[PDB]
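Quick heads-up: it's one chain on its own, the form deposited without the ligand, in C-alpha cells.
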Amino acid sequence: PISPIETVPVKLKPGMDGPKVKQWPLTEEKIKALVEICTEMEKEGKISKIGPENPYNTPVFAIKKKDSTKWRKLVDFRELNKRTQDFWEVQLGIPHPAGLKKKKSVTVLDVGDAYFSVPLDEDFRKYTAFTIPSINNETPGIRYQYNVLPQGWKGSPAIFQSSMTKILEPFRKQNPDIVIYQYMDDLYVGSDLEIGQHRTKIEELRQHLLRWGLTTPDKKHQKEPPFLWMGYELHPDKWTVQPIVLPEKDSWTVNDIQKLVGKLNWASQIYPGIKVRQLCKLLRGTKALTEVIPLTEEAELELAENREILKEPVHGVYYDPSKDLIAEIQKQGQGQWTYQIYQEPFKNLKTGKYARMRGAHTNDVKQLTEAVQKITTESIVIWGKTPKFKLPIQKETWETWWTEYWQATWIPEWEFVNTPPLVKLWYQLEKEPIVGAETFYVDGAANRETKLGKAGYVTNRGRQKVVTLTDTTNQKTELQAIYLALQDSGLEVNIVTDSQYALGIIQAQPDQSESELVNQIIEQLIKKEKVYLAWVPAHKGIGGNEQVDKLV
C-alpha cells in the first residue's frame, strides 16, 4: 500500500515559496468527517501529524459523497499547483486500435489506491501541509502533511506513471514477449501464450506488482471483453467505436448539431464515407447554444446518408506487422476526401476523412497531395511506416502538375486506381503567347479612402471597355479586369496584367475558391481553348498597360 520505490525529487518554481492559504472555518460535521477520514489515512501511512512550526498550509474541505452518507475529503491544491515545477508530459499521443498487434489474450488489471500507493519526495512533503480546523476556530487545528502523492496535486499523474514504469521495468526485461500498456491506473497485459501459461504469467505479474506496493484484482475480479477504452470497444480479433446513437429530433439547436458532428467525426475512423461539411456550415457565425437552427436541404441530405452508413455495424481489424499497409483515397466532392487503410482487401484497419482547405484557392491535385501527407504522418505515428497508396489520379496528370508547379513535393509509392471521380486538371495556361489571338491589356484600381474602383481593358485590335465597382479593393478590381477580358474575348486570348496577385492566383491553376469572382474566372478559363497570361511592371510606361492604366 505504499510502494518501496525511490521518490522523484521535486521542486517549487525557482522564484517561489510554498503555499500559505488560510483554512476557512468548517461545520461540525465537516470537521468530524475529516478527522474520521484523516485518522484512517494516518494509520495507513498516507499522512502524518506535524508541529505548528511548519509555515505552509493549503485549504481542505469535505463534501457528502455520491448522495450517499459517505464523506470525501477534498484538498484545494490550486495554490501549491501554481507554485510547483512543471513536469514532463505523461503521454504525447494515445495509441490507436488499428495499430495494435493481435494478441491471443489480454487481461485488465487496475491498481487500487494508485496515488496513495506511491511515496512523495521527503523534501517536498512540508509543502502539502493542511489543517483540520477546530470547532469555531477556538483552538489550534490538527496539522498533517502528505507522505504519498495527493489527489489533485500537479505532479501525481506524472510521478505515478513513471514510478510504475520503473516497477514494470525488470519484469519487462524477463518477459520481453509480453505486452503491457500503462494507462492511468490500468494495466493492459497481452500475450500469445495459451490460457494456462497466460493465467500463470498474469498472477506472476500481479506478484511482482505486490512486492512493490501495488494491489491488483485477482482472477475472480478481472474484467471481461469487449474492453471499453478511450471510446473504443475492443473485442479479441476486431475493434470498433463505442456505441453511437444519432438522436431523432424535430428541430436542432446549435448544441445538438455540435454533438452530432462530434459523434460523426468519431465514427468516421471506422465507418467509411461519413460527411459533416453541410452540418458544419450550419455552425457558422456561431450563435446561442440553445438556438434552433433549421436544416438546409443539403445538411438534411448529408444527415440522411450518414444515417444509412451508421445503420449497420462496422468493425476494424488489428495490425499484422508481417503484411503490407495499403491506403486508398476517394474524392467525395467539395474539398471532401475519404480514406481506408487495410492490409488485406478490403478488411480495414481504420478509415478517415480529410476536408481541410489549405489556402483560399486550390485544385484537386493539391488537395489530394495534402491528404496523402496527412495520411503518411498518421501512418508513421500508428504503424511506424508509410503505406502504399492507391490514388484516383493518373500518373501523367500528377507528373504534369507537379513538375510544372513552383513548390516542391513528393508522395511515397503510389499507383493509380480507377475510382471516380478522378482528379484531373481542368485547364492549363499556355507556355507561349498565342499568335492570331487578341491581346488584352487589363488593369484595375481602387481609391483607398472611397473604396470605389474601376476595371477594364485595352486591345491590340483597338477594342476597349471599363466598368465601375462599388466598395472593392485594389486586389478585387485586378481580378475583375481579368474576368472582363475573359468574358469579352474569343476562345483564344492573351492577357496582360500588372497584378502579381492576380497572376499568382491564376498561374497556380485553381479549380475551386472561396471568392465567387475567382470561381467565375475559373468557369471562363475552362470554357476557353487557349489562354496565355503575362505580367508587366506598373507605371513603367509600358505599351498598352499605360493606356488602360489611366482609363481606370
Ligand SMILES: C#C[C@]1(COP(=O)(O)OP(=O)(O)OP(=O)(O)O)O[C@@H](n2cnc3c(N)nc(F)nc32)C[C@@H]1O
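Numbering starts at 1 and follows the sequence shown.
The form solved in complex with the ligand exists for this protein as well; it is not shown, and the discussion that follows is about that form.
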| item | value |
| --- | --- |
| Shown-form site status with respect to the ligand as positioned in the entry with it bound after superposition (2.4 Å backbone/C-beta criterion, 3+ atoms) | open |
| The ligand contact at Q151 in the entry with it bound, heavy atom, 4.5 Å | yes |
| The ligand contact at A114 in the entry with it bound, heavy atom, 4.5 Å | yes |
| Contact of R72 with the ligand in the entry with it bound (heavy atom, 4.5 Å) | yes |
| The ligand contact at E430 in the entry with it bound, heavy atom, 4.5 Å | no |
| Option from 432-440, 151-159, 360-368, 336-344 whose residues, in the entry with it bound, bring a heavy atom within 4.5 Å of the ligand | 151-159 |
| Interface residue in the entry with it bound among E305, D121, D110, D76, criterion: non-hydrogen atom within 4.5 angstroms of the ligand | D110 |
| Interface residue in the entry with it bound among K49, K43, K65, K527, criterion: non-hydrogen atom within 4.5 angstroms of the ligand | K65 |
| Sequence-ordered list of residues in 205-235 near the ligand in the entry with it bound, where near means a heavy atom within 4.5 Å | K220 |
